[PDB]
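Structural description and commentary
One-letter residues, chain by chain:
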Amino acid sequence: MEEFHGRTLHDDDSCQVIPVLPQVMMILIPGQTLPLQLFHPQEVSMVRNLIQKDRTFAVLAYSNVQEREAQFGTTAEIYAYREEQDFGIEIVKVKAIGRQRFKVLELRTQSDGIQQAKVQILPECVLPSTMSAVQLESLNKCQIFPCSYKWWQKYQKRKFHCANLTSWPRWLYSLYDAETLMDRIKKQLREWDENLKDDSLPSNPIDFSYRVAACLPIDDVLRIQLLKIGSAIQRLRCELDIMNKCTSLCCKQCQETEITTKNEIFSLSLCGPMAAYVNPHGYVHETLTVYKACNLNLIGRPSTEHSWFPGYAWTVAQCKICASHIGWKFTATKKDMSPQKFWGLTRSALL
Amino acid sequence: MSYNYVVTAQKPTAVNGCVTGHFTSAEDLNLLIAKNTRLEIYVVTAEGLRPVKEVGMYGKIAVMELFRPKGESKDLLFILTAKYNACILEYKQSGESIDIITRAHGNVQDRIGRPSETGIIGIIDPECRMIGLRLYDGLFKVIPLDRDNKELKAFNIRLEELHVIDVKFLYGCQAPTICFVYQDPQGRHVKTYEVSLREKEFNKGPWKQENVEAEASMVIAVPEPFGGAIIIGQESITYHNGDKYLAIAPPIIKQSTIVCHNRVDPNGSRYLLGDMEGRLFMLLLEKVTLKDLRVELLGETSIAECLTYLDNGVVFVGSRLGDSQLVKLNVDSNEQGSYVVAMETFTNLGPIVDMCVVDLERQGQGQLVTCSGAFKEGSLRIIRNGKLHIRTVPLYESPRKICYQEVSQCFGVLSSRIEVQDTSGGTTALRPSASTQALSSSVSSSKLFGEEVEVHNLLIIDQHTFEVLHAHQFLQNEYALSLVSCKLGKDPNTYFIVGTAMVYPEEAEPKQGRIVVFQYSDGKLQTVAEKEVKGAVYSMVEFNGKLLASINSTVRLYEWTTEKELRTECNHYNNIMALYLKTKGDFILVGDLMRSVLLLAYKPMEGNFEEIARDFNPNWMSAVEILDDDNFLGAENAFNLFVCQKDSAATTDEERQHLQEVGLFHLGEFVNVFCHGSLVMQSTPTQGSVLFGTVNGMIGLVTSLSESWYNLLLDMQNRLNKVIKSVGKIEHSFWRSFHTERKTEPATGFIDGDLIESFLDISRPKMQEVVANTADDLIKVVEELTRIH
Amino acid sequence: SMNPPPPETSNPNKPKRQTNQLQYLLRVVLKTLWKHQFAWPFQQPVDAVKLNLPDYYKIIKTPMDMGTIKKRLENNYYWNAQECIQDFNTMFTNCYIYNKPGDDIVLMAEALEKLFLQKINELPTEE
Ligand SMILES: [Zn+2]
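Residues numbered from 1 in each chain as written, not as in the entry; some residues may be left out. Chains lettered and ligands numbered in written order. Heavy atoms only, no water. Residues with missing side-chain atoms left out of burial classes, pairs and counts.

**Digging into helix α2 (residues 707–723) of chain B**
Residues and elements named next belong to chain B.
- Helix length check: α2 (17 residues) gives 26 Å between terminal C-alpha atoms against 24 Å at 1.5 Å per residue, within 8%.
- When we look at burial in α2, the residues that qualify are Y710, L713, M716, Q717, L720 and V723.
- Each element contacted by the buried residues of α2 is listed here: β1 (4–10), α3 (732–735), β65 (751–752), α4 (753–756), α5 (764–771) and α6 (775–784). (Helix = DSSP H or I, 4+ residues; strand = E, 2+ residues; numbered from the N terminus. Expected span 1.5 Å × (residues − 1). Buried < 20%, exposed > 50% of the residue type's maximum accessible area, 1.4 Å probe, protein only. Contact = heavy atoms within 4.5 Å.)

**Quick notes on the state of the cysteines**
- All chains considered together, the criterion is met by 0 disulfides over all chains.
- Here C260 of chain B is not disulfide-linked; the sulfur of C306 of chain B is the nearest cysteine sulfur, at 7.2 Å. (Disulfide = S-S within 2.5 Å.)

**Some words on the coordination of the zinc ion**
Residues and elements named next belong to chain A.
- Binding of the zinc ion to the protein goes through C251 (SG), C254 (SG), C319 (SG) and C322 (SG), at separations of 2.6 to 2.7 Å.
- One can describe the site at the zinc ion as irregular: its 4 donor atoms subtend angles covering 83 to 140° at the metal.
- Sequence positions of the donors to the zinc ion reduce to the motif C-x2-C-x64-C-x2-C. Taken together, the positions of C254 in the loop between β8 (249–250) and β9 (258–260) and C319 in strand β13 (residues 312–319) put the pair 65 residues apart, joining distant regions of the chain. (Donors = N, O, S within 2.8 Å, 3.2 Å for Na, K, Ca; no water. Tetrahedral: all angles 85-135°; square planar, octahedral: opposite > 155°, others 65-115°.)

**Concerning the domain arrangement of chain B**
Residue and element names in this part refer to chain B.
- Taken domain by domain, chain B comprises domain 1 (1–14 + 349–704), domain 2 (15–348) and domain 3 (705–789).
- One C-alpha centre belongs to domain 1, the other to domain 2, and the line joining them spans 39 Å.
- On the domain 2 side, the residues contacting the 21 residues of domain 1 number 22 residues.
- Of the roughly 1800 Å² buried at the junction of domain 1 and domain 2 (both faces included), carbon and sulfur atoms supply 48%.
- The largest share of the area that domain 1 buries against domain 2 comes from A14, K376 and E377, three residues that together contribute 29% of it.
- Connecting domain 1 to domain 2 are 3 salt bridges.
- Among the salt bridges present, the one from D323 reaches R381, with a minimum N-O distance of 3.0 Å.
- Where domain 1 meets domain 2, there are 14 residue pairs in polar contact. (Domains from an automatic or database assignment. Buried area = accessible area lost by both parts, 1.4 Å probe. Salt bridge = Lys/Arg side-chain N within 4 Å of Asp/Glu carboxyl O. Polar contact = N/O pair within 3.5 Å; in protein donor to acceptor, adjacent residues only side chain to side chain.)

**Quick notes on the pattern of salt bridges**
- Throughout the structure, instances matching the rule amount to 48 salt bridges over all chains.
- Among the salt bridges present, the one from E90 of chain A reaches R48 of chain A, with a minimum N-O distance of 2.8 Å. Taken as a pair, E90 of chain A in strand β6 (residues 89–109) and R48 of chain A in helix α1 (residues 41–53) lie far apart in primary sequence, 42 residues in all.
- Judged by relative accessible area, which is 33%, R48 of chain A ranks as partly exposed.
- Of the charged contacts, one joins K447 of chain B and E530 of chain B as a salt bridge, the two residues approaching to 3.7 Å between their closest N and O atoms.
- Residue classification places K447 of chain B among the partly exposed positions, given a relative accessible area of 42%.
- By relative accessible area, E530 of chain B is classed as partly exposed at 30%.

**Thoughts on the interface of chain A and chain B**
- Tallying the contact residues gives 44 residues for chain A and 58 residues for chain B.
- Of all residues in chain A, the largest losses of buried area upon contact with chain B belong to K141, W168 and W171 of chain A, amounting jointly to 16% of the total for that side.
- The interface formed by chain A and chain B includes 3 salt bridges.
- We note a salt bridge from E454 of chain B to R170 of chain A, for which the minimum N-O separation is 2.8 Å.
- Viewed at the interface, chain B and chain A are joined by 17 residue pairs in polar contact.
- Elements supplying a minimum of two residues to the side of chain A that touches chain B: α2 (149–159), α3 (170–174), α4 (178–189) and α7 (232–243) of chain A.
- By residue class, the composition of the side of chain A that touches chain B is 22 nonpolar, 14 polar and 8 charged. (Nonpolar A, V, L, I, M, F, W, Y, C, P; charged D, E, K, R; others polar.)

**Focus: the interface of chain A and chain C**
- With 13 residues of chain A at the contact, the number on the chain C side is 8 residues.
- The largest per-residue losses of area from chain A upon contact with chain C belong to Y283, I299 and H325 of chain A, which jointly make up 41% of the total buried on that side.
- Remark: the boundary between chain A and chain C carries 0 salt bridges.
- At the boundary of chain A with chain C, the tally comes to 6 residue pairs in polar contact.
- Per-element accounting of the side of chain A that touches chain C gives the leading share, 3 residues, to strand β12 (residues 296–303) of chain A.
- Taken together, the residues of the side of chain A that touches chain C sort by class into 4 nonpolar, 8 polar and 1 charged.

**Considerations on the environment of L298 of chain A**
All names here are of chain A.
- Relative to the helices and strands, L298 is located in strand β12.
- In this structure, the C-alpha to C-alpha distance between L298 and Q318, residues 20 residues apart in sequence, is 6.6 Å.
- When neighbours within four sequence positions are excluded, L298 is seen to be in contact with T315, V316, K329 and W343.

Below, the structure is given as C-alpha cells:
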C-alpha cells in the first residue's frame with residue numbers, strides 16, 4: 001500500500017465541509033486504525049478526490065441506524081491507499097486513522113449520490129494539573145519525584161500538599177488526577193491481559209483513554225457518551241464508570257454465553273480471589289474463585305494430582321458452545337471441607 | 001445581561017514575597033512586602049517598622065527582587081506578574097507627593113510552550129547585567145539590563161534539561177553563570193552553564209556535572225570570598241565550587257524539609273532556614289575557603305513561605321497560611337541558648353475554607369466567622385466593622401467546616417489533626433490542639449512505620465467567650481466533609497448532621513460513608529441517628545424540613561420521621577460526580593470539579609427530581625452560589641468568576657435546557673466557599689449580598705445591578721484608566737479579562753469596585769476630566785457603593 | 001498464541017487414485033472410529049487458543065486429526081493405503097508424546113487404536 005507522511009489538522013470550532021462515506025456505519029475513535037475496501041466506482045471516486053485534497057473524510061456516529069440520524073462524528077485520515085485492478089473492475093483498499101471529534105450541524109445529500117455534512121470541530125480541551133492553580137511558591141520544587149502501595153501514598157501527600165488551603169482534601173483530587181486514574185484502568189487491564197503497561201500501554205493521558213474505548217464492549221450509546229468527552233479527565237472517569245457498571249462475565253470466544261457474575265466472586269486465597277497459579281508443565285494462569293457458574297460442561301474426571309487449592313480434585317471444565325478451556329470444578333475430598341464445590345475458571349477465557 | 005458589582009472589602013494579608021535592600025533612599029534600609037496584588041513599602045527601624053506608601057498592582061506578584069546597576073544610586077525593583085508582565089520600578093518623593101514610576105514595561109509570554117512543574121523562577125545576576133526567567137520546561141528566557149532596553153526584548157535559549165528544580169546566579173565570576181539541579185532517568189545532578197550575549201547560545205560553565213542527593217531541591221548562591229552554591233535536600237546540606245566539595249548530614253532537618261532561605265551576612269557566613277513545620281534553622285559557614293558547615297535550631301515560628309533579615313536580630317516571617325511575625329533571635333550571648341521571641345503579630349486571614357455571617361452581639365450588623373490557617377496555624381477569626389476588627393481564636397489543628405445553632409448558642413466546627421504512628425500500635429499528637437484541650441471528649445460506635453495519620457474531630461465552641469466545650473473524635477480512616485445545623489421534619493430540637501466518608505489507601509473511590517446526627521442540650525453532645533451509605537457524602541443542604549445528601553454521583557433526600565431516624569424517599573442518579581450543592585425554595589444546584597453545571601428541581605407531584613438546565617464546559621471548579629432563580633455565581637480555574645443565566649421564557653425546549661454564560665471576570669483570587677449576607681448594619685441601589693473568602697485572605701462582596709447602573713459604571717471604567725497611572729504600565733482591560741492557558745476573553749456582566757472607589761482617592765482635576773461628557777454629583781454615587789461593605 | 005493452517009485435504013500437485021483399500025479405510029475403518037464415544041476431541045484439530053495449549057504445536061511438528069482424514073478420503077487425496085495408514089498413526093502418536101499417561105484424553109486415543117488395529121488386520125489387497 002502507498003504510504004503518506006503529511007498530517008492535516010483543521011482549526012477548532014471552525015466550520016468545515018467534509019464528505020461522509022456511506023459504507024462506514026461504525027463509530028470511529030480518534031487515532032483508531034480502520035481497514036476499508038471500497039468496490040463502488042462512485043465510492044472509489046470520492047477517495048480519488050480526497051488523496052488530491054487532504055485525505056480527511058467524515059465518519060458519522062449513528063444514534064439510530066434506521067433513520068441514519070447522527071448528532072456527532074469523527075474525522076478520519078487516509079494514510080495508506082492501494083488501487084488494484086482485480087478481474088476487470090476498479091477496487092480500492094483504504095487504511096483510515098482518527099484525527100478530531102466533531103458536531104454534526106446539517107446532513108446534505110448530493111444529486112450525484114454521495115452525502116456531505118456541515119461539520120464543526122469539537123475543541124479537545126486539555127486541562128493541566130488541578131494543583132497548578134493552588135500550589136505555593138515554596139512547595140513548587142517538591143512537585144518533581146525521582147512496592148506499588150507505598151509510591152501512591154507519597155505521591156498523593158506531596159503533589160496534593162496544598163489541599164488544606166482548599167475546601168476539598170488530597171484524595172478527592174486523586175479521583176480527578178489523570179496519572180492516578182490511568183493506574184485504575186491499568187489494574188483491571190491486567191485482570192484480562194498479561195501485557196506489561198511499559199510497552200503495550202501508552203503514556204499520554206488522552207491517547208491511553210481512546211485505546212480502552214474500543215476493547216471494552218461498548219454499545220453505540222456508551223460510545224457516544226464516551227465521545228461527547230472533549231477532555232482527558234472526562235474520558236478516564238467514564239472508563240471507570242464502565243468498569244464499575246458492566247461486570248458481566250462471559251467467554252472471550254462466545255462473548256454472549258454467560259459463565260458467572262461479580263456477586264459470586266469469593267475470597268478463599270489470602271491474595272484475594274485471583275492470583276498466579278501454575279500447573280505441572282509451566283503455564284502461569286490466574287484462577288478465579290466463584291460459588292456457582294452457569295453454561296459449563298464436565299469432561300473426563302477430577303484428579304487430585306498437583307492441585308493449586310488445598311485438597312480439592314479438579315475436573316476439566318469446558319464451555320457448552322465454543323468448547324474452550326474455561327477452567328475447573330474443584331470438589332472437596334473430605335466431608336469436613338467448605339466450600340464443598342466451587343469453580344476455578346482461568347482469566348484467559350474470562351471476559 | 002447579568003450586571004454585577006465586585007468590590008474588595010478586605011485586602012489580601014498572605015505574604016508571597018519579601019526582600020531587603022534600599023528602595024526609597026541609598027542610606028535607608030527598606031523592606032518590601034508583597035501580598036498577592038498589593039505592594040507595601042517600609043523603612044527598617046530599631047523599634048520595628050515604619051509605613052510610607054502602599055500601592056495596588058494589576059497582577060499576581062510572583063517575582064520580586066532588588067538590584068543595583070552602574071550609575072544608579074538607589075536599588076530598582078523587578079516585578080513579574082502571573083499574567084507574564086515584566087516591570088522595573090523606582091521610588092520618587094518630592095515634598096509630599098509620592099509617585100512610583102516605571103522605567104521599562106513589557107510582556108514576556110510565549111505563544112508556544114507548556115508551563116513547568118516548578119512554574120516561574122526569578123533570578124537576576126549579581127553584577128546586574130541580565131535577568132534570568134525559567135517560564136517553560138527546557139526554555140530559558142534572558143532579558144538584558146540596559147538603558148536602551150525600554151521595550152524589554154527577550155530571547156529563549158534551548159536547554160537540554162527539561163526538568164529544572166531550582167536555578168540561581170553564581171558569585172565570583174566574570175561572565176554570567178547559572179547553577180541548577182536537574183532530574184533524569186539516572187537520578188539528580190548539579191550542572192553549570194555560561195551565558196554569552198553575543199552568541200545568544202549556552203556555553204560550558206566553571207565545572208562539569210556533579211552527582212547530588214536524590215531529593216536535592218534547594219540551591220543557594222554563595223558570595224565572595226567563599227563563592228559557589230550550597231545545595232540542601234531532605235537529609236543533608238551539600239557544598240560545591242568545583243574541586244571543593246563539603247558534605248554534612250544533620251538529623252534535626254530530617255524531620256521537615258527546608259522550603260525557604262535568606263542571606264544574613266554580606267559575605268555569606270550566616271543563613272536563615274525555614275522548613276514545612278515552621279522550625280527556624282541556621283546555616284553557619286566557617287573560615288577564602290570553607291572549613292565546615294554547621295546547622296543549628298533556633299526555635300518554632302510561623303510556617304514561613306519566604307524569610308527576610310532586617311536589623312539587630314529582627315527577622316520578619318512571611319507566612320501564607322499563618323500570621324506574619326517580627327521575631328527576635330538570640331544567636332549572641334553564650335550564657336543562654338538560642339530562643340526566638342515574637343514582637344509583632346500581623347493579622348493573616350488566608351486561607352479561608354469556610355465562612356458564615358452570624359449576628360452575635362449586634363443582632364443587626366453582620367459578624368463574619370472564618371476557618372483560617374492550617375495545621376498548627378489553624379485559627380478562628382471574627383470579623384466586624386469598627387476599619388475592620390479581627391478576633392483570633394487558636395485551635396492548633398486544620399479547620400474544615402463551620403455551622404451555627406441559635407438554640408444551643410454554640411458553633412460546630414470540623415477539625416483534622418495530625419498524629420504520628422506509634423511503635424507498639426497507636427497514635428500520638430505532635431502538640432496539644434483544641435480537640436485534646438477540650439473539657440469533654442466523645443467517641444463513635446466501632447465496626448469490624450513512622451507515618452502521619454489524619455484524625456477528625458467535631459468541635460463545640462462558645463459564641464461570646466469562644467471556649468472548646470465538647471469534642472467528638474471520629475473513627476479510624478474516616479474523613480469529615482459536610483456539616484449542617486438545622487431542624488429536621490416535625491422535630492423541634494436543632495441537630496448537627498455530619499456527612500463523613502471512609503478513606504482507605506487501597507480504596508481510591510470511597511465505598512463507605514456515614515450520616516451521623518448530633519444534638520446539643522444541657523452542655524452535652526449525643527448521637528441521635530446513624531445512616532451508613534454505599535459511597536461518600538460531599539455536601540448537604542436543607543430542603544423544606546428535609547435533608548438532601550449526595551452519594552458519589554446520586555442525589556438523595558431524607559425524611560425526618562417520628563422514630564428519630566433518617567428515611568430514604570427518592571434517588572436521583574447523575575452522569576457526573578456530585579460535589580457542590582446549593583438550594584433556595586425548590587431550585588437545586590449541582591456541580592463537580594470539571595465545571596459541569598446542572599440545575600434540578602424537586603417535583604413533589606411525582607415525588608422525584610426533574611432535569612431543568614445543564615451547562616458542560618471543562619475547567620477546574622472551586623466554589624458556587626445561587627444569586628436568584630435564573631442567575632448563579634461560580635468560581636473556576638486561573639482565578640476567575642463566571643455567571644450563567646437560564647431563560648424560563650424560551651420558546652424552544654433546547655434553549656430553556658441550555659444555560660447562557662453571561663458573566664466573565666478575572667478576580668486574581670481563588671474562592672473555595674460562598675455564603676449570603678452583609679457585614680454592615682441591616683435604599684440600596686445594589687441588589688443582593690454575597691460575601692466570599694479566599695486563599696490569600698482577600699474578602700469581597702458580589703451584588704447584582706440594574707441595566708442603567710451597569711452602563712453608567714462601565715463607561716466610567718474606560719475613562720478612569722486614562723487618568724489613573726497603572727503600577728507597572730500594564731492594561732486594566734488586559735488584567736481584568738478572562739485568563740486561561742488556552743484562551744483570553746474580554747470581561748462582560750461585571751463591574752470592578754476597586755476602580756470605581758479609587759475616584760474618591762484621586763485629585764480634583766482628574767475628577768473633572770472623567771465627568772466631562774457634575775464632579776461633586778458623581779462623588780455621591782461612588783460614596784453610595786462604599787457603604788455596602 | 002497463533003493457530004497454524006489446517007492440513008491440505010485436496011491438493012492438485014500430490015497424485016491420487018480410487019482403490020478398494022481406501023474404500024475400506026472410509027466405510028469400515030473411519031465410520032466405526034467416528035461413531036465411537038471417545039472420538040469427539042479428534043473430529044477436529046486440537047486448538048491451541050480454545051484449549052490454551054501454546055507449546056503443543058512447538059513440540060508436535062506434524063499434527064493431524066480425524067476431521068482432516070475424513071475430508072481427504074471423501075475428496076480422494078491418497079494414492080495407496082500406506083498414505084492413509086500414516087495419517088491415522090501420526091494422529092494417535094502426537095497425543096502420546098504431549099499428554100503423559102494417566103490422563104482421560106490419553107485413554108480415548110488408546111481406545112480408538114484397539115478398534116483401528118482389529119479392522120486394519122482385515123485390510124484386503126489392491127484390486
Ligand atoms: Zn464460550
